[PDB]
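Only one chain is included here, represented as structure tokens and corresponding to the form deposited in one PDB entry.
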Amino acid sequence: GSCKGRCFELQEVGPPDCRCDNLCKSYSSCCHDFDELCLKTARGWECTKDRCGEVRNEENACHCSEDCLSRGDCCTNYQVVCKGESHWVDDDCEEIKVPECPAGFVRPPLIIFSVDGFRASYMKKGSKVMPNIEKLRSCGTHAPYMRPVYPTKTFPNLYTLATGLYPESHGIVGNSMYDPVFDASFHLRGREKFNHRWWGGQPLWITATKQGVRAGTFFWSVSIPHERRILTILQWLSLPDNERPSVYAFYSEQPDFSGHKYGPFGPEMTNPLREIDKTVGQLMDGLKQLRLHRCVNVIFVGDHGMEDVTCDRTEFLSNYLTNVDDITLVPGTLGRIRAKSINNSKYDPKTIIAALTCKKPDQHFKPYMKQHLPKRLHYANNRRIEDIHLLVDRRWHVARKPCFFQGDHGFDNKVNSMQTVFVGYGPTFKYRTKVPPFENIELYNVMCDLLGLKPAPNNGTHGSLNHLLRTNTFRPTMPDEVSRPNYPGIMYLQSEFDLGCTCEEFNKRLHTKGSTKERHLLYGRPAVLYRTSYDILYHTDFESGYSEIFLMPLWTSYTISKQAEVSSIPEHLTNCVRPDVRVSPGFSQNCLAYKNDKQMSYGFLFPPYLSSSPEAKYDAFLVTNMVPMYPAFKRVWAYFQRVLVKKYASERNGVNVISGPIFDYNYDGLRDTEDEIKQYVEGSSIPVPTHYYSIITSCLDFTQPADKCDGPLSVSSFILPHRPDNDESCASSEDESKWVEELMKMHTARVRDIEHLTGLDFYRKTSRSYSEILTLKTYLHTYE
């Protein structure tokens, strides 16, 4: 019952007996002599010349004795001070072609060095402020920035890093949360967070253990100083082969702690950043002492950034609501609202939202029902996410009712100040290599590959980060189609239709297989990865995949050149809908349903505004090009089609557009089955989409047009909520030029998001490698 020879022991002793592990303080369960034996601090963390070849005094924090290297408990500068070696940072970058591990090591170990609140722009402070970090970044592989998950808080992002899962899937939806099934609350401070019931998914340390790879204890009690954490990892690395872990993690509270007090760009932040870099230097010096500097893979990673936030920029819910005592708020850089007491007829969340919507001219938050939040946030499918959510403007706070802190974080994850860091260094990482920015959900697959592990099912796209690594244990393969398209010719007469709406004989080559494929399907046909029956429909200006089940297109593909002219809908074609002779009356929509539904109207996927001729314009009014649209939504859609597509074509030297409907009534981010569709157009089997997407593709080399592109592609995409009002847009009374683009930028998306929501697979026939295509699919156009 003591810590004699057990300090930071990898085994965890069960109750009641006392412990000597990393987290014994966090449970208040350490042995009587834990601080005496394990938290040694005498004579600091640095050897001095007078200590060289000293006899071991066991009261010292670290050692300068000739027995220390074998134990791994030397001070990190021992060989520099006592053996005339250089610091790691003073050595030049040398390419690590293969791992160079000492005897015993069957694989390169992984060191995860996670720094709290390390904003991406701090990297610009350079080798002046952070020599060690700048060497890792220069010599190794790095991105401009890494995107965190929403909310951009500590716990959701640390656990996302460990699982590859979105917060809604792993369950840690915030630093604070209530679970109605448990009827308990989780808090950053306190003992409740230690209970396993909160934590879903499978984090890296469990994935490792289950596949026979030993993991160090990832988490450190705040009492343990940063130098003690580094020495502990160095001692663990000196263990026998059967006791030694292959994966470790260091966590730092800085620069987050100091960012909170002083804000992100204070002159006070230089000191935190120097301390962090000094600590990195101690690790890299320590690894060099053990001849592990060209063996271990190191990941320098942050959980989120930091924004300027002060007490004077606080919105109060009592300035909007008359009954803030009947509701519970998770306050701060985000809002989550809940009823105070259960069983309250007075509490209607739809009236609360209405009361919080566009009420002051300069209002610095926006309310949402969680299912109406942008889909890119993936913040809805969990019982711990409150129905009512407030997205708060950058630099602001929200509190319930009416300084020491100048910084905070937790805002929308595409906000520039919330972006964080990634650096990879070691044998498996590439040498002096810059990679495009990526999302922290992708890192778990990378870390599994660095340890030879099969990842558990997660939300990363395995293969999308292969370009970070020298050698790739995982080769992504493209999934096969589950459903082959039908290609119906002309079958029925126009006389034999009766769809209830007023509006070829000379043209034999009408709607035939010609150059439609080459003009309008630039990257091959989208593959349907679920079981359904659908038809391919060719036209002069566009191709489409028409679902016979949902009675509309799943996708519509067209290519607008830079020089394309916009035209108007003629007065005679304004209420025009033609039947499609290639599709049966049974599998077609009818106009009668849209007359019966007073709320609902219709729009077109391929725009009649962009048609190539007066002849070809008639193809846009086919019933197979038609989809259900609320009048409110048609303001947005008509503006996109008539104005914005041309604008993008003009800006990007032509664009290829792929547009279509999404059904996600259970808000899980996944394609709905027909059972889960909860709304249809009045008295018919035509389903109502929850969202509409478009994918806008062009050549990254803008000097080449979109239809003659040799090299990489550039993409931007959106998933627009299909809502009966424009209450989300506070300026929707003004001209569409003052608010529709802002709405679309808020609802930007990855092509991967649209694939989960549609069951489609895009970009199947290109000249690019599949790996490069997976990176293109995971890209988000942020507009920052």
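Residues carry their position along the shown sequence, with the first being 1. Note that the rigid core is defined as the largest set of C-alphas that superpose within 1.5 Å between two forms.
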Note to self: I want to verify a possible break: how many residues of the deposited sequence sit between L188 and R189 without any coordinates (none, 1 to 3, 4 to 9, 10 or more)?
What the structure shows: none
Item checked: Size class of the missing deposited segment between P402 and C403 -> 10 or more
Next item on the list: Compare the mean C-alpha B-factor of 420 to 428 with that of 263 to 271 as given in the PDB entry, and name the stretch with the higher value.
Entry: 263 to 271
Next item on the list: May I ask you to compare 389 to 397 and 76 to 84 by their mean CA B factor in the entry and name the higher one?
Entry: 76 to 84
Next item on the list: Could you check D725, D753, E742, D33 and tell me which one carries the biggest Cα B-factor in the deposited entry?
Entry: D33
Next item on the list: Just grab whichever of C47, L720, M746, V715 has the top CA B-factor as deposited.
Entry: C47
Check: Would the CA B-factor of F365 place it in the lowest, middle or highest third of its chain?
Finding: lowest
Next item on the list: Divide the modelled residues of the chain into thirds by Cα B-factor and specify which third, lowest, middle or highest, holds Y166.
Entry: lowest
Check: Should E227 be placed in the lowest, middle or highest third of its chain by the C-alpha B factor in the entry?
Finding: middle
Check: By the record's CA B-factor, is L499 among the lowest, middle or highest third of residues in the chain?
Finding: highest
Item checked: Third assignment of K646 from its chain's C-alpha B-factors -> lowest
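Note that the form deposited in another entry isn't included here; everything after this is about it.
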Item checked: Displaced position between the shown form and the other one, chosen from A749, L37, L743, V715 (C-alpha, 2 Å or more, rigid core) -> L37
Check: Using the core for the fit, does the CA position of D67 change by 2 Å or more between the shown form and the other one?
Finding: yes
Margin query: Rigid core superposed, CA of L23 - does it shift 2 Å or more between the shown form and the other one?
Written below: yes
Notebook entry, point to check: So, does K777 move by 2 Å or more at the CA between the shown form and the other one, with the core held fixed?
Noted result: no
